[PDB]
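Trainee: One structure is given below, represented as structure tokens, and several questions about it will come after.
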Amino acid sequence: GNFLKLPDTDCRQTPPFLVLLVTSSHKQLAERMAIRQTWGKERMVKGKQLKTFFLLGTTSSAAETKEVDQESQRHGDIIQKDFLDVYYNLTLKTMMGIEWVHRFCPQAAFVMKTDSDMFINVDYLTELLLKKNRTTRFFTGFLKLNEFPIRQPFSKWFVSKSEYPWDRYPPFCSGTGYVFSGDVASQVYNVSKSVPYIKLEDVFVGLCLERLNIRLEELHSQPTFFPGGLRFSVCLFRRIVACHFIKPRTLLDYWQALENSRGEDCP
Ligand SMILES: OC[C@H]1O[C@@H](O[C@@H]2[C@H](O)[C@@H](OC[C@H]3O[C@@H](O)[C@@H](O)[C@@H](O)[C@@H]3O)O[C@H](CO)[C@H]2O)[C@H](O)[C@@H](O)[C@H]1O
Ligand SMILES: *[C@@H]1O[C@H](CO)[C@@H](O[C@@H]2O[C@H](CO)[C@@H](O)[C@H](O)[C@H]2NC(C)=O)[C@H](O)[C@H]1NC(C)=O
Ligand SMILES: *[C@@H]1O[C@H](CO[C@@H]2O[C@@H](C)[C@@H](O)[C@@H](O)[C@@H]2O)[C@@H](O)[C@H](O)[C@H]1NC(C)=O
Ligand SMILES: [Mn+2]
């Protein structure tokens, strides 16, 4: 698949239950390290295998390139392809991750694509996934069902009419963090080249799911994905899946809080 870097992992030998694909830019080593030290640490979660990989492209900067080659050598958990890693190539990045699942890890029961400034509660997500009994053509997160493209030309999410010419976006899930059964990766990759491109990755995946007739569903009767962020409490964070707007220091403090308070009960 023209991959420059691949993780040493055999999904055939050890079918992972949950694969996390974390998008971050080259300079966000602090983010990736905070994640490797917290929700990204690989482990058995109720006897299910959790794997974590970081999605990177390439950069002009020779310094950053070397940093990243060193990071890959030292951690063996980077997935890389040769595309200029910038905000407006995030769709390539996402399709890279999806391609990886399709070519090298089709045995993953579930896959989560997430941002770097996130708290992810893998234990509770594992619990909700086992409860859901939806093992194929499954896709969830924070549902965005009737979104209008941003036409303000200076907004970070601006798309012109020629980039996306219709009034509404298909249904999609916030790219802060979305989860799908592993089969979905193959289907999305298969259709990706026949779907109109758009530089917003979560919208693009929504276009593919719509072409595949894969409908978005809520993970649980209570909201569990929070792109807007949350006021922190140990008891709320024990009963959510994902929370955005979390910088590395904060991520570590919250992780420490959840450790310090383990074993205490919450109403
Ligand atoms: O490469 C794409 C990039 O997209 C990011 O998602 C974007 C947001 O989901 C969305 O937010 C616009 C706006 O929508 C309102 O309904 C409210 O929910 C408000 O809070 C929100 O800010 O904007 C665009 C579509 O216009 C989406 O792409 C995503 O978070 C990134 O990780 C990345 O995937
Ligand atoms: C997305 O990545 C592609 C691949 O890296 C970029 O395309 C290249 O851009 C460089 C400029 O940095 C050119 O020298 C190459 O000729 C281009 N090649 C190809 C195959 O595209 C593309 O520019 C990136 N997208 C954005 C918006 O920067
Ligand atoms: C997932 O499946 C669970 C299985 O429990 C037993 O088997 C299923 C097929 C039903 O017959 C159920 O009534 C049995 O107790 C269910 O308990 C569980 O409710 C299912 N998940 C959801 C979200 O409903
Ligand atoms: Mn973010």
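Labels used: A, B, ... for chains in the order of the structure tokens, numbers from 1 for residues in each chain, and numbers from 1 for ligands as shown.
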Write out as a ChimeraX atom specification all residues of segment 34-159 of chain A that DSSP puts in strand (DSSP E) for this structure's backbone.

Mentor: /A:43-45,48-58,78-84,110-114,118-120,139-140,143-144

Trainee: Determine, counting only C-alpha atoms, which protein, DNA and RNA residues have an atom within 12 Å of an atom of residue 252 of chain A; residues of the same chain fewer than 2 positions away are not included. Present the result as a PDB file with C-alpha atoms, in the first residue's frame.

Mentor:
ATOM      1  CA  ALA A  30       4.119  15.832  23.696  1.00  0.00           C
ATOM      2  CA  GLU A  31       0.555  14.823  22.829  1.00  0.00           C
ATOM      3  CA  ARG A  32       1.561  11.356  21.674  1.00  0.00           C
ATOM      4  CA  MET A  33       3.694  10.798  24.770  1.00  0.00           C
ATOM      5  CA  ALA A  34       0.886  11.872  27.096  1.00  0.00           C
ATOM      6  CA  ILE A  35      -1.359   9.396  25.252  1.00  0.00           C
ATOM      7  CA  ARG A  36       1.190   6.550  25.338  1.00  0.00           C
ATOM      8  CA  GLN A  37       1.365   7.123  29.086  1.00  0.00           C
ATOM      9  CA  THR A  38      -2.439   7.195  29.608  1.00  0.00           C
ATOM     10  CA  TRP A  39      -5.423   5.922  27.611  1.00  0.00           C
ATOM     11  CA  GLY A  40      -3.117   4.770  24.799  1.00  0.00           C
ATOM     12  CA  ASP A 117      -6.303  16.520  22.549  1.00  0.00           C
ATOM     13  CA  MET A 118      -8.703  13.911  23.902  1.00  0.00           C
ATOM     14  CA  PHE A 119      -9.513  11.898  26.970  1.00  0.00           C
ATOM     15  CA  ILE A 246      -7.746  18.243  26.736  1.00  0.00           C
ATOM     16  CA  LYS A 247      -4.103  19.332  26.530  1.00  0.00           C
ATOM     17  CA  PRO A 248      -1.260  16.992  27.513  1.00  0.00           C
ATOM     18  CA  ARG A 249      -0.703  18.275  31.084  1.00  0.00           C
ATOM     19  CA  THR A 250      -4.451  18.087  31.692  1.00  0.00           C
ATOM     20  CA  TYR A 254      -7.003  13.527  34.800  1.00  0.00           C
ATOM     21  CA  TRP A 255      -5.420  10.112  34.342  1.00  0.00           C
ATOM     22  CA  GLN A 256      -3.737  10.487  37.718  1.00  0.00           C
ATOM     23  CA  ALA A 257      -7.044  11.524  39.268  1.00  0.00           C
ATOM     24  CA  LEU A 258      -8.747   8.390  37.918  1.00  0.00           C
ATOM     25  CA  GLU A 259      -5.919   6.272  39.342  1.00  0.00           C
TER      26      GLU A 259
END

Trainee: Which residue is closest to residue 218 of chain A? Choose from A:11, A:45, A:55, A:179 and count only C-alpha atoms.

Mentor: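 Looking at the shortest contact to residue 218 of chain A, the residue is A:179.
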
Trainee: Step by step, measure atom-to-atom distances between ligand 1 and each residue using only C-alpha atoms and all ligand atoms, keep those at most 9 Å, then write them as a PyMOL selection string.

Mentor: chain A and resi 23+87-91+94+114-116+142+144-151+156-159+169+172-177+198-204+227-228

Trainee: All residues within 12 Å of ligand 3 are required, counting only C-alpha atoms and all ligand atoms; please report them as an MDAnalysis selection string.

Mentor: chainID A and resid 127:135 217:221

Trainee: Output N, CA, C and O atoms for every residue in that selection, as a short mmCIF file (atom, residue, chain, number, x, y, z; two decimals), in the first residue's frame.

Mentor:
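Written output follows (selection25.cif):
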data_model
loop_
_atom_site.label_atom_id
_atom_site.label_comp_id
_atom_site.auth_asym_id
_atom_site.auth_seq_id
_atom_site.Cartn_x
_atom_site.Cartn_y
_atom_site.Cartn_z
N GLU A 127 -16.95 -1.75 27.57
CA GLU A 127 -18.19 -2.20 28.19
C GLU A 127 -19.40 -1.90 27.31
O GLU A 127 -20.23 -2.77 27.05
N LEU A 128 -19.49 -0.67 26.80
CA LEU A 128 -20.65 -0.32 25.97
C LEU A 128 -20.65 -1.07 24.63
O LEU A 128 -21.73 -1.38 24.10
N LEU A 129 -19.47 -1.38 24.09
CA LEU A 129 -19.41 -2.09 22.82
C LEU A 129 -19.88 -3.53 23.00
O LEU A 129 -20.72 -4.02 22.24
N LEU A 130 -19.39 -4.21 24.05
CA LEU A 130 -19.86 -5.56 24.34
C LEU A 130 -21.36 -5.57 24.59
O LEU A 130 -22.06 -6.50 24.17
N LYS A 131 -21.89 -4.54 25.25
CA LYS A 131 -23.33 -4.51 25.48
C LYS A 131 -24.12 -4.32 24.18
O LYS A 131 -25.23 -4.85 24.05
N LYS A 132 -23.57 -3.57 23.22
CA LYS A 132 -24.35 -3.16 22.05
C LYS A 132 -24.75 -4.32 21.13
O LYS A 132 -25.80 -4.26 20.49
N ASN A 133 -23.94 -5.39 21.04
CA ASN A 133 -24.18 -6.53 20.13
C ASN A 133 -24.37 -6.07 18.69
O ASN A 133 -25.21 -6.59 17.96
N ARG A 134 -23.60 -5.07 18.27
CA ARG A 134 -23.56 -4.62 16.88
C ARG A 134 -22.12 -4.85 16.42
O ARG A 134 -21.23 -4.08 16.78
N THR A 135 -21.89 -5.91 15.66
CA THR A 135 -20.55 -6.34 15.32
C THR A 135 -20.17 -6.11 13.85
O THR A 135 -19.00 -6.34 13.48
N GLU A 217 -25.44 5.20 14.33
CA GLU A 217 -26.26 4.89 15.52
C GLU A 217 -25.59 5.38 16.81
O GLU A 217 -24.37 5.45 16.85
N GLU A 218 -26.41 5.73 17.80
CA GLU A 218 -25.91 6.13 19.13
C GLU A 218 -25.36 4.91 19.87
O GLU A 218 -25.93 3.84 19.73
N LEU A 219 -24.26 5.08 20.59
CA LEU A 219 -23.60 3.97 21.32
C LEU A 219 -24.41 3.59 22.55
O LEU A 219 -24.39 2.41 22.92
N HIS A 220 -25.16 4.53 23.10
CA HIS A 220 -25.77 4.27 24.39
C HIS A 220 -26.93 5.23 24.57
O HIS A 220 -27.04 6.24 23.88
N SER A 221 -27.80 4.90 25.54
CA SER A 221 -28.97 5.73 25.78
C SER A 221 -28.59 7.08 26.35
O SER A 221 -29.39 8.01 26.28
#

Trainee: Within 8 Å of ligand 2, counting only C-alpha atoms and all ligand atoms: which residues, as a list in words?

Mentor: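 Checking only C-alpha atoms and all ligand atoms against ligand 2 at 8 Å gives residues 58, 60, 82, 83, 84, 85, 86, 87, 88, 89 and 92 of chain A.
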
Trainee: What's around residue 61 of chain A at 10 Å? Count only C-alpha atoms, leave out sequence neighbours fewer than 4 positions away in its own chain, and write the answer as number ranges by chain.

Mentor: A: 26, 65-66

Trainee: Output as an MDAnalysis selection string all residues of segment 4-243 of chain A that backbone DSSP marks as alpha helix (DSSP H).

Mentor: chainID A and resid 29:36 62:75 90:104 122:132 182:192 201:212 234:237

Trainee: With C-alpha atoms retained, write the just-selected residues as a PDB file, in the first residue's frame.

Mentor:
ATOM      1  CA  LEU A  29       5.280  14.560  20.291  1.00  0.00           C
ATOM      2  CA  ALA A  30       4.119  15.832  23.696  1.00  0.00           C
ATOM      3  CA  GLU A  31       0.555  14.823  22.829  1.00  0.00           C
ATOM      4  CA  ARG A  32       1.561  11.356  21.674  1.00  0.00           C
ATOM      5  CA  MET A  33       3.694  10.798  24.770  1.00  0.00           C
ATOM      6  CA  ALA A  34       0.886  11.872  27.096  1.00  0.00           C
ATOM      7  CA  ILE A  35      -1.359   9.396  25.252  1.00  0.00           C
ATOM      8  CA  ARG A  36       1.190   6.550  25.338  1.00  0.00           C
ATOM      9  CA  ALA A  62      14.347  17.545   7.980  1.00  0.00           C
ATOM     10  CA  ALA A  63      14.515  17.956  11.758  1.00  0.00           C
ATOM     11  CA  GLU A  64      10.909  16.843  12.201  1.00  0.00           C
ATOM     12  CA  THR A  65      11.467  13.958   9.801  1.00  0.00           C
ATOM     13  CA  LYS A  66      14.385  12.711  11.865  1.00  0.00           C
ATOM     14  CA  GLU A  67      12.517  13.182  15.148  1.00  0.00           C
ATOM     15  CA  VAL A  68       9.713  11.060  13.751  1.00  0.00           C
ATOM     16  CA  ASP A  69      12.004   8.345  12.388  1.00  0.00           C
ATOM     17  CA  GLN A  70      13.560   8.146  15.864  1.00  0.00           C
ATOM     18  CA  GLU A  71      10.122   8.029  17.492  1.00  0.00           C
ATOM     19  CA  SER A  72       9.133   5.168  15.195  1.00  0.00           C
ATOM     20  CA  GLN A  73      12.323   3.243  15.921  1.00  0.00           C
ATOM     21  CA  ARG A  74      11.864   3.701  19.666  1.00  0.00           C
ATOM     22  CA  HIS A  75       8.100   3.017  19.865  1.00  0.00           C
ATOM     23  CA  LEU A  90      -6.419  15.272   7.173  1.00  0.00           C
ATOM     24  CA  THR A  91      -8.648  13.246   4.809  1.00  0.00           C
ATOM     25  CA  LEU A  92      -5.594  11.505   3.346  1.00  0.00           C
ATOM     26  CA  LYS A  93      -4.452  10.810   6.905  1.00  0.00           C
ATOM     27  CA  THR A  94      -7.765   9.263   7.797  1.00  0.00           C
ATOM     28  CA  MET A  95      -7.903   7.198   4.635  1.00  0.00           C
ATOM     29  CA  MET A  96      -4.380   6.005   5.435  1.00  0.00           C
ATOM     30  CA  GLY A  97      -5.566   4.741   8.797  1.00  0.00           C
ATOM     31  CA  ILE A  98      -8.554   3.080   7.192  1.00  0.00           C
ATOM     32  CA  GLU A  99      -6.407   1.508   4.494  1.00  0.00           C
ATOM     33  CA  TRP A 100      -4.156   0.133   7.213  1.00  0.00           C
ATOM     34  CA  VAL A 101      -7.047  -1.567   8.951  1.00  0.00           C
ATOM     35  CA  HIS A 102      -8.118  -2.998   5.616  1.00  0.00           C
ATOM     36  CA  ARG A 103      -4.734  -4.340   4.502  1.00  0.00           C
ATOM     37  CA  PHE A 104      -3.076  -5.301   7.774  1.00  0.00           C
ATOM     38  CA  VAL A 122     -11.367   2.682  26.927  1.00  0.00           C
ATOM     39  CA  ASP A 123     -12.778   0.581  29.773  1.00  0.00           C
ATOM     40  CA  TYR A 124     -16.248   2.088  29.577  1.00  0.00           C
ATOM     41  CA  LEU A 125     -16.160   2.085  25.756  1.00  0.00           C
ATOM     42  CA  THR A 126     -15.279  -1.633  25.797  1.00  0.00           C
ATOM     43  CA  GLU A 127     -18.190  -2.204  28.187  1.00  0.00           C
ATOM     44  CA  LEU A 128     -20.646  -0.318  25.971  1.00  0.00           C
ATOM     45  CA  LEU A 129     -19.411  -2.092  22.820  1.00  0.00           C
ATOM     46  CA  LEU A 130     -19.864  -5.558  24.342  1.00  0.00           C
ATOM     47  CA  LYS A 131     -23.330  -4.514  25.476  1.00  0.00           C
ATOM     48  CA  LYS A 132     -24.354  -3.160  22.054  1.00  0.00           C
ATOM     49  CA  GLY A 182     -13.489  -3.339  11.653  1.00  0.00           C
ATOM     50  CA  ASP A 183     -15.273  -4.584   8.524  1.00  0.00           C
ATOM     51  CA  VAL A 184     -16.389  -1.021   7.874  1.00  0.00           C
ATOM     52  CA  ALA A 185     -12.816  -0.028   7.085  1.00  0.00           C
ATOM     53  CA  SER A 186     -12.724  -2.377   4.117  1.00  0.00           C
ATOM     54  CA  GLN A 187     -16.000  -1.101   2.754  1.00  0.00           C
ATOM     55  CA  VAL A 188     -15.015   2.529   3.201  1.00  0.00           C
ATOM     56  CA  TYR A 189     -11.674   1.967   1.523  1.00  0.00           C
ATOM     57  CA  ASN A 190     -13.378   0.133  -1.329  1.00  0.00           C
ATOM     58  CA  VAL A 191     -15.718   3.003  -2.116  1.00  0.00           C
ATOM     59  CA  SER A 192     -13.425   5.890  -1.228  1.00  0.00           C
ATOM     60  CA  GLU A 201     -12.124  13.941   7.030  1.00  0.00           C
ATOM     61  CA  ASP A 202     -15.152  13.172   9.180  1.00  0.00           C
ATOM     62  CA  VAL A 203     -17.479  14.505   6.483  1.00  0.00           C
ATOM     63  CA  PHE A 204     -15.676  12.450   3.857  1.00  0.00           C
ATOM     64  CA  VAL A 205     -16.150   9.256   5.848  1.00  0.00           C
ATOM     65  CA  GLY A 206     -19.806  10.232   6.203  1.00  0.00           C
ATOM     66  CA  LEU A 207     -20.079  10.456   2.436  1.00  0.00           C
ATOM     67  CA  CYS A 208     -18.664   6.941   2.151  1.00  0.00           C
ATOM     68  CA  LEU A 209     -20.971   5.506   4.825  1.00  0.00           C
ATOM     69  CA  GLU A 210     -23.921   7.092   3.026  1.00  0.00           C
ATOM     70  CA  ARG A 211     -22.834   5.451  -0.230  1.00  0.00           C
ATOM     71  CA  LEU A 212     -22.592   2.113   1.610  1.00  0.00           C
ATOM     72  CA  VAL A 234     -13.936  11.465  38.400  1.00  0.00           C
ATOM     73  CA  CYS A 235     -17.541  10.175  38.393  1.00  0.00           C
ATOM     74  CA  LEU A 236     -18.492  11.784  35.010  1.00  0.00           C
ATOM     75  CA  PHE A 237     -15.211  10.610  33.377  1.00  0.00           C
TER      76      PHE A 237
END

Trainee: For a quick check of understanding, using only C-alpha atoms, which of A:81, A:24, A:215, A:232 has the smallest distance to residue 54 of chain A?

Mentor: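 Looking only at the distances to residue 54 of chain A, the closest residue turns out to be A:24.
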